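Engineer: Got a structure here, written out as structure tokens. Questions coming.
What follows is calculated from the coordinates using simple rules that are stated; it is not laboratory data. All Cβ positions, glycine included, derive from the backbone under ideal geometry; neighbour counts span all protein chains shown.
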Amino acid sequence: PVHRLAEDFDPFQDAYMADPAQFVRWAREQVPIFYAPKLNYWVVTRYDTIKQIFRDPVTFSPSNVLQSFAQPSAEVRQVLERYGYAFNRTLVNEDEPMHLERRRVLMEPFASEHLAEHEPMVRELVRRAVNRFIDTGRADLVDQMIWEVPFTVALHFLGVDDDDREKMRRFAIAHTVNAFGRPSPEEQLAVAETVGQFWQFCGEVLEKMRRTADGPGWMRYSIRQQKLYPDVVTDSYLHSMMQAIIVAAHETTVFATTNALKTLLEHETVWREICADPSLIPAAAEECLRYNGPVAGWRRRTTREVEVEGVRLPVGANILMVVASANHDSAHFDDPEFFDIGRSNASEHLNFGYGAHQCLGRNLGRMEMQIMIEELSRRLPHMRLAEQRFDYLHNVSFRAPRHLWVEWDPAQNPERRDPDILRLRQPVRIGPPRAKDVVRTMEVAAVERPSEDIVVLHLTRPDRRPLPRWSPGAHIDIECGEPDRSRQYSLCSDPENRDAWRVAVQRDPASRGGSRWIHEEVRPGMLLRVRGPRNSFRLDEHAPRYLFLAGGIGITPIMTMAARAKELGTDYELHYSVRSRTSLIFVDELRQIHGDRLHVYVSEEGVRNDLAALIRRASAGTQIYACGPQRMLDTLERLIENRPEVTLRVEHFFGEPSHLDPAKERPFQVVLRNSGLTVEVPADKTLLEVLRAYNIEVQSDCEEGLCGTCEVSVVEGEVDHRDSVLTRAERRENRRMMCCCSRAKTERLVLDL
Ligand code: HEM
Ligand SMILES: Cc1cc2nc3c(=O)[nH]c(=O)nc-3n(C[C@H](O)[C@H](O)[C@H](O)COP(=O)(O)O)c2cc1C
Ligand code: FES
């Protein structure tokens, strides 16, 4: 009864604190928006919907982000009024256009080079913490380390004197309950009193800072910015922010790190991998954020009528975005319940939000997670979770257990046998991990050589444990002898078969070295560094009819799509053309599966597939999926550019790599509309490199126009396309753009970033 579940929905309970993505799985799957009467909120649960809401803060205001779920009684008001409580807007809950202007004025101390200066402090505090308890054999990781490290760092970043932690903790709990919780009525007056005391304590801190405004920390810097921008950095802002940022600057980092260590210790195989290889830590942390992140729900309120998930919402409608649900959305993350530290798009999780309000401290929080995981993985690889109950403080937005008890045998501490482990340091990842940071080590279980220039590889985990599932069209990248010679190969095994992955690698007659290395070097039992899967050629599973066209080695993604069409029961034909009979691969398998829906054309025997004839017989609604040589794909796109009632999707294997030659190029201007930022791209930089340098997070893989991972959305201007992914019609729309290589025809571009 999905209508009953909506009626009863109530996040203030252990089940939603413990696993909010499971708690709303029914809605993510079947009811992507519902009204929750116990809250007076609309609840949304899918990744695409939540990302769009984040993109549009004019329509979807963050005004209710810090809003209490209580009354307030006149007694509560009166308690609050005694302290002059006037908490108003900070950054996270501020409306446009004021928000972006204040962010612009205040964001500089959050720059990479400043945040990297805190590394020594984080390392020293983590080392101190673990030294205290390393020999005990039992410890609560939260009260012994994970809470104090971000707390200490945060107050130092802020310039707040750190001398009364029991009072600060008391203050932080009350603020959090007040902002995100639902205290019962018999408890609200005590909460209100502590909130008032926190407000007045922040008044005192602020007044001491005003008289030392040249001292350190971000709050004194905001006071100095007030002198220059008094209408932007107000007294109301400064006082409200002081209270909110004392909590925000540590609590969520504590929670993320608590959740990460719990998830890692619950997956012994993965924990053992990290303990043998610290370079996995940036990718493992991102997937901990994706899989078990500290953000449950986040809020917005409509400022106009708007349709959402096919429902027309009135003005002022409250929306709860279940961010944890989005991070488990199978439409964006294949096999989302699989905890996969090789997951190549893990950093697309929404724990840091997206666009205008995107978390300013996120790379400091990442660094703290990484160094804490590192220290524990080096010194306590043999610890395990003790038996315990996990207790969660109820609130709608942030979730972690309050304690994390672990136990180990100190006589097995590896530093006793090898004390120089204490001198090792894994250099820290600033920002999300790059593609070459997200790598799985695989074993070549078998190698078949059906023809002189095709090798079929069967790839498994070295331990043969299960692999994540993928979806038709996905590819992996194999590092062909070095990390900077990575090549894409389409997965062509069964996407649900977790035992192994199959690829077929053609030896290229003019190899730049990649497929040549595979043909000269790969043998069963070898270990390969593999990235992905990533899917840039997804099958629309709701088409009425399919036409699948494979030219040569282009059969590899196409055959996974034809197998899927069969399983869905949709009408399809599979046409497979080769030059030499010896180049046929998988034909016996394909005949068994597809029967009389398979058509094979061997051109050395004089047989070819007349595409103009085959397309003019295609009926309206048909989706054509094709992979083959460049000339075959051009032909299909000329034929389809005059048949609007059929659609074409192509994947290019043989594009020409892009290469920036700055002598032939010009600077251009890019406006990031959602981030409220305008940057210049000089002649010697790609757009991708400039986005990274402004900490705009964009995923990339080949970085040379071939794989399409770096695509961004253009809303104004004319693109000078340099990639090999887009069709001509796509190029002419001036919407999609590969930022690793493409530039501008107009002087400026406007991006939806
Ligand atoms: C480590 C885990 C962290 C998480 C999960 C987290 C979460 C968030 C979220 C969800 C937002 C709102 C995003 C949006 O609406 O688009 C946010 C904003 C913000 N965060 Fe974080 N945060 C973390 C760490 C930090 C740290 C360590 C700091 C400060 C040192 C911090 C400072 C801020 C600020 C100032 C904003 C306001 C940005 C704005 O509205 O323009 N965050 N954070
Ligand atoms: C998305 C994508 C999928 C590809 N799939 C395959 C494949 O399944 N088999 C293959 O031989 N080449 C495939 N290629 C081409 C290879 O990635 C690679 O360019 C080719 O092996 C030539 O590399 P080389 O010049 O270094 O030898 C694919 C390319 C792309 C962009
Ligand atoms: S990263 Fe491969 S196309 Fe840009």
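Engineer: Could you check how many residues of segment 114-169 are away from ligand 1 (no atom under 16 Å from the Cβ) and small (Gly, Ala, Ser)?
Structural biologist: Going through segment 114-169 one residue at a time, the tally reaches 3.
Engineer: Same structure again: Just one of (1) buried (at least 21 other Cβ atoms within 10 Å of the Cβ); (2) farther than 29 Å from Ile53 by Cα trips up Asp235, so point out which.
Structural biologist: All conditions pass for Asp235, except number (1).
Engineer: Pick from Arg523, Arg498: which is surrounded by fewer than 20 Cβ atoms within 10 Å (Cβ to Cβ), away from ligand 1 (no atom under 16 Å from the Cβ), more than 28 Å from the chain's Cα centre (by Cα) and assigned to a loop (DSSP other than H, G, I, E, B)? Give the steps one after another, and end with the answer.
Structural biologist: Details: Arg498 fails: more than 28 Å from the chain's Cα centre (by Cα).
Sole residue among the options that is surrounded by fewer than 20 Cβ atoms within 10 Å (Cβ to Cβ), away from ligand 1 (no atom under 16 Å from the Cβ), more than 28 Å from the chain's Cα centre (by Cα) and assigned to a loop (DSSP other than H, G, I, E, B): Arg523.
Engineer: Next question. Looking at segment 581-608, which of its residues are in a loop (DSSP other than H, G, I, E, B) and either without any contact (Cβ under 8 Å) to a residue 40 or more places away in the chain or among the aliphatic types (A, V, I, L, M) (or both)?
Structural biologist: Kept after step one, since they are in a loop (DSSP other than H, G, I, E, B), are these residues of segment 581-608: 584-586, 606-608.
Of everything in segment 581-608, those that are in a loop (DSSP other than H, G, I, E, B) and either without any contact (Cβ under 8 Å) to a residue 40 or more places away in the chain or among the aliphatic types (A, V, I, L, M) (or both) turn out to be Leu584, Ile585, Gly606, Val607, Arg608.
Engineer: Follow-up question, since we're still on this one. Only one of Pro450, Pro462 is farther than 22 Å from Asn345 by Cα and away from ligand 2 (no atom under 14 Å from the Cβ). Can you tell me which? Walk me through how you get there before you give the answer.
Structural biologist: On the way: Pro450 fails: away from ligand 2 (no atom under 14 Å from the Cβ).
The unique qualifying residue is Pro462.
Engineer: Which pairs have Cβ atoms under 9 Å, sit 6 or more apart or on different chains, and link a residue in segment 479-493 that is acidic (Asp, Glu) to one that is more than 7 Å from ligand 2 (Cβ to nearest atom) and in a strand (DSSP E or B)?
Structural biologist: From segment 479-493, the pairs are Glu479/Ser486; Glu479/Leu528; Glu479/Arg529; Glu479/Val530; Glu479/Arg531.
Engineer: Now for a separate question. If I go through segment 565-574 residue by residue, how many of them are in a helix (DSSP H, G or I) and surrounded by fewer than 19 Cβ atoms within 10 Å (Cβ to Cβ)?
Structural biologist: Selection size over segment 565-574: 3.
Engineer: What residue, among those in segment 726-741 that are in a loop (DSSP other than H, G, I, E, B), more than 30 Å from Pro109 (Cα to Cα) and in contact (Cβ under 8 Å) with a residue 60 or more places away in the chain, is nearest to the chain's Cα centre (by Cα)?
Structural biologist: Taking segment 726-741 and keeping what is in a loop (DSSP other than H, G, I, E, B), we get 726-727, 734-735, 739-741.
Filter once more, keeping what is more than 30 Å from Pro109 (Cα to Cα): 726-727, 734-735, 741.
Those left that are additionally in contact (Cβ under 8 Å) with a residue 60 or more places away in the chain: 727, 741.
Details: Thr727: 27, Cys741: 22 Å.
The residue in question is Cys741.
Engineer: Please go through (1) touching a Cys at 6+ places or on another chain (Cβ under 6 Å); (2) under 25 Å from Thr635 (Cβ atoms); (3) within 16 Å of ligand 3 (Cβ to nearest atom); (4) not polar (S, T, N, Q) for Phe537 and return the number of the only condition it doesn't satisfy.
Structural biologist: Among (1) touching a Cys at 6+ places or on another chain (Cβ under 6 Å); (2) under 25 Å from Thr635 (Cβ atoms); (3) within 16 Å of ligand 3 (Cβ to nearest atom); (4) not polar (S, T, N, Q), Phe537 violates only (1).
Engineer: Considering every residue within segment 704-721, establish whether at least one is on the phi < 0 side of the Ramachandran plot and within 16 Å of ligand 1 (Cβ to nearest atom). Before you say what the answer is, go through the steps one by one.
Structural biologist: Residues of segment 704-721 on the phi < 0 side of the Ramachandran plot: 704, 706-707, 709-716, 718-721.
Still in the running and within 16 Å of ligand 1 (Cβ to nearest atom): none.
Looking for residues that are on the phi < 0 side of the Ramachandran plot and within 16 Å of ligand 1 (Cβ to nearest atom), one finds none in segment 704-721, hence no.
Engineer: Right, next: List every residue pair whose Cβ atoms lie under 7 Å apart, where the two residues are 6 or more positions apart in sequence or sit on different chains, the first residue falls within segment 199-220 and is farther than 16 Å from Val247 by Cβ, and the second residue, located anywhere, is of a type in the set (S, T, N, Q) and surrounded by fewer than 18 Cβ atoms within 10 Å (Cβ to Cβ).
Structural biologist: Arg220/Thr212
Engineer: Which residues, taken from segment 56-72, are in contact with a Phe, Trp or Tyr (Cβ under 9 Å, 6 or more places away or on another chain) and of a type outside the set (S, T, N, Q)?
Structural biologist: Scanning segment 56-72 gives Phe60, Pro62, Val65, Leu66, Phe69.
Engineer: Now, a different point. For segment 224-237, name all the residues that are in contact with a helix residue (DSSP H, G or I) (Cβ under 6 Å, 6 or more places away or on another chain) and of a type outside the set (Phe, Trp, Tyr).
Structural biologist: In the first step, residues of segment 224-237 are kept if they are in contact with a helix residue (DSSP H, G or I) (Cβ under 6 Å, 6 or more places away or on another chain); the result is 225, 229, 232-233.
The answer is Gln225, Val232, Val233.
Engineer: Restrict the check to segment 714-722 and report whether at least one residue is within 11 Å of ligand 3 (Cβ to nearest atom) and touching a residue at least 24 places away in the same chain (Cβ under 8 Å).
Structural biologist: Yes, segment 714-722 has at least one match.
Engineer: Okay, next question. Would you mind listing the helices (runs of 4 or more DSSP H) fully within segment 105-207 where at least 2 residues are of a type in the set (S, T, N, Q)? Give the derivation first.
Structural biologist: Details: elements: 112-116, 119-133, 148-158, 165-180.
Per the criteria, 165-180.
Engineer: Still on this structure, please answer the following. So which residues in segment 508-530 are polar (S, T, N, Q) and free of Cβ contacts under 8 Å to residues at least 24 places away in the same chain? Reasoning before the result, please.
Structural biologist: Quick first cut of segment 508-530, residues polar (S, T, N, Q) only: 511, 515.
Once the filter is applied, which keeps residues that are polar (S, T, N, Q) and free of Cβ contacts under 8 Å to residues at least 24 places away in the same chain, segment 508-530 yields only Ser511.
Engineer: Give the residue, chosen from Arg366, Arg429, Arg389, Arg469, that is part of a loop (DSSP other than H, G, I, E, B), within 16 Å of ligand 1 (Cβ to nearest atom) and within 29 Å of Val322 (Cα to Cα).
Structural biologist: Details: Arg366 fails: part of a loop (DSSP other than H, G, I, E, B); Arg389 fails: within 16 Å of ligand 1 (Cβ to nearest atom); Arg469 fails: within 16 Å of ligand 1 (Cβ to nearest atom).
That would be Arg429, the only listed residue that is part of a loop (DSSP other than H, G, I, E, B), within 16 Å of ligand 1 (Cβ to nearest atom) and within 29 Å of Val322 (Cα to Cα).
Engineer: How do the pairs read when you match residues in segment 69-90 that are in a helix (DSSP H, G or I) with residues anywhere that are charged (D, E, K, R), using Cβ under 8 Å and keeping only pairs 6 or more apart or on different chains?
Structural biologist: Final answer for the pair search is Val79/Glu193.
Engineer: Just give me the residues in segment 340-363 being assigned to a loop (DSSP other than H, G, I, E, B), surrounded by fewer than 23 Cβ atoms within 10 Å (Cβ to Cβ) and within 16 Å of ligand 3 (Cβ to nearest atom), in sequence order.
Structural biologist: The answer is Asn345, and nothing else.
Engineer: Then there is this: Six or more apart or on different chains, Cβ under 6 Å: which pairs go from a residue in segment 361-386 that's over 16 Å from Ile146 (Cα atoms) to one that's assigned to a helix (DSSP H, G or I) and within 13 Å of ligand 1 (Cβ to nearest atom)? Could you list them?
Structural biologist: From segment 361-386, the pairs are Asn363/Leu115.
Engineer: Looking at segment 616-631, is at least one residue in contact with a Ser or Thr (Cβ under 7 Å, 6 or more places away or on another chain) and not in a strand (DSSP E or B)?
Structural biologist: No, segment 616-631 contains no residue that is in contact with a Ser or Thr (Cβ under 7 Å, 6 or more places away or on another chain) and not in a strand (DSSP E or B).
Engineer: Moving to a separate point now. Quick test for you: out of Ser619, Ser577, pick the one residue that is touching a residue at least 12 places away in the same chain (Cβ under 8 Å) and surrounded by 15 or more Cβ atoms within 10 Å (Cβ to Cβ).
Structural biologist: Values: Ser619 fails: surrounded by 15 or more Cβ atoms within 10 Å (Cβ to Cβ).
Testing whether each residue is touching a residue at least 12 places away in the same chain (Cβ under 8 Å) and surrounded by 15 or more Cβ atoms within 10 Å (Cβ to Cβ) leaves just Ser577.
Engineer: Check off (1) surrounded by fewer than 22 Cβ atoms within 10 Å (Cβ to Cβ); (2) near ligand 2 (Cβ under 10 Å from one of its atoms); (3) within 30 Å of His599 (Cβ to Cβ) for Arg487 and give me the number that stays unchecked.
Structural biologist: Exception for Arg487: condition (1).
Engineer: Can you name the helices (runs of 4 or more DSSP H) wholly within segment 247-336 that have at least 3 residues being away from ligand 1 (no atom under 16 Å from the Cβ) and over 21 Å from the mean Cα position of the chain (by Cα)?
Structural biologist: Values: elements: 251-265, 268-276, 281-292, 323-326.
In segment 247-336, 268-276 are the helices (runs of 4 or more DSSP H) which contain 3 or more residues that are away from ligand 1 (no atom under 16 Å from the Cβ) and over 21 Å from the mean Cα position of the chain (by Cα).
Engineer: Taking the options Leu639, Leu633, name whichever one is within 16 Å of ligand 2 (Cβ to nearest atom) and either farther than 23 Å from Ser536 by Cβ or more than 31 Å from the chain's Cα centre (by Cα) (or both).
Structural biologist: Working: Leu639 fails: within 16 Å of ligand 2 (Cβ to nearest atom).
Matching residue, one of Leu639, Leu633: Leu633.
Engineer: With the requirement that a residue be part of a loop (DSSP other than H, G, I, E, B) and more than 7 Å from ligand 2 (Cβ to nearest atom), what does segment 526-536 give you?
Structural biologist: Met526, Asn535 - these are the residues of segment 526-536 that are part of a loop (DSSP other than H, G, I, E, B) and more than 7 Å from ligand 2 (Cβ to nearest atom).
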